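In the form deposited in one PDB entry, a lone chain appears below as structure tokens.
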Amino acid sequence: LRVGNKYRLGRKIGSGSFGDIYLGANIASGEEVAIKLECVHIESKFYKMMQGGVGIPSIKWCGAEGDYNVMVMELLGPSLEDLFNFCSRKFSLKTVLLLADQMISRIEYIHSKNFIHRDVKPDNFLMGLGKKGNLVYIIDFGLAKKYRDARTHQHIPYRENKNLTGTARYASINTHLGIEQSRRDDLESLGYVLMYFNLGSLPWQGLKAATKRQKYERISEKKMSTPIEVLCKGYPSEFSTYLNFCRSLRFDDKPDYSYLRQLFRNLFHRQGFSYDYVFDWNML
């Protein structure tokens, strides 16, 4: 159905607690686009304030189309989780390091603009299209939220007893504890995703859990009993240094992004990798 006067709806590509994603187009220009339908805005504030950033998708139209809330953004490519499968869920160290630099930068971008993602995972990272093909994009469906006042820059208050927000498998340890999330948390999650790409699955993954709750319970338990040095055994120390650093951050602490990025470029240099920017999936 014709929506936003100029966008034709189309096949639905994905469902989610967030709503549904449909492929669609622009009757006028004819540009493939993605559209999200939500049962009759917090995501809108994040996008229009991340606008212009590298790896931040463009929103082309916001509003209600009858009983639903619409959001149209530029079409992007596969997610890192899709590519992970395309590559037998085994990423070379180089691709992991290549991705690590970009992903740390997106997160820092969101942070420099008073927001925390809160659901950092393979699935929320999509590759660009065309010549933006090697650019990693970050997508927010609705968990992004301010962590400081745009004006004053006062960091939001500390809080406990909060229910699990974002995916359990990649959640920071304090999130599991019910602690208000902050920048440190977006980073820690990224820590687990990076280890997830090296191992192929985290040790708290696929836990025999009778019910939902017991599920988040077992994962939380397994995550807190798995020491970093055990989780990263057999891999470059940088991954241990990364996770340990994030887990050290105070609640309102400002992360040292460059230190983290450099942690991985020092490792890139020492492996002797070629600086040819090619990810595993564009190789034979």
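The first residue of the shown sequence is 1; numbering continues from there. Only the largest set of C-alpha atoms that superpose within 1.5 Å between the two forms is called the rigid core.
- Counting the deposited residues that fall between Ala64 and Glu65 and carry no coordinates gives zero.
- Stretch comparison (255-263 versus 43-51) by mean CA B-factor in the PDB entry places 43-51 on top.
- Annotation for 65-73 versus 224-232: the higher mean temperature factor (C-alpha) is found in 65-73.
- Ranking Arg118, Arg184, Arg169, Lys208 by Cα temperature factor from the entry places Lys208 first.
- When the modelled residues of the chain are ordered by their C-alpha B factor, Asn26 lands in the highest third.
- Annotation for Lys90: CA B-factor lies in the middle third of the chain's modelled residues.
- Looking at the C-alpha B-factors along this chain, the one for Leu243 belongs to the lowest third.
- Among all modelled residues in its chain, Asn174 ranks in the lowest third by Cα B-factor.
- Ranked by Cα temperature factor within the chain, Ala150 sits in the highest third according to the deposited record.
There is another form of this protein, the form deposited in another entry, and it is not shown here; the text below is about that form.
- Core-superposed comparison between the shown form and the other one: among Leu243, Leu231, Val33, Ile56, the single residue whose C-alpha moves by 2 Å or more is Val33.
- In the core-superposed comparison between the shown form and the other one, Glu221 has its Cα shifted by less than 2 Å.
- The Cα position of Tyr257 differs by less than 2 Å between the shown form and the other one after fitting on the rigid core.
- In the core-superposed comparison between the shown form and the other one, the C-alpha atom of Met73 has shifted by at least 2 angstroms.
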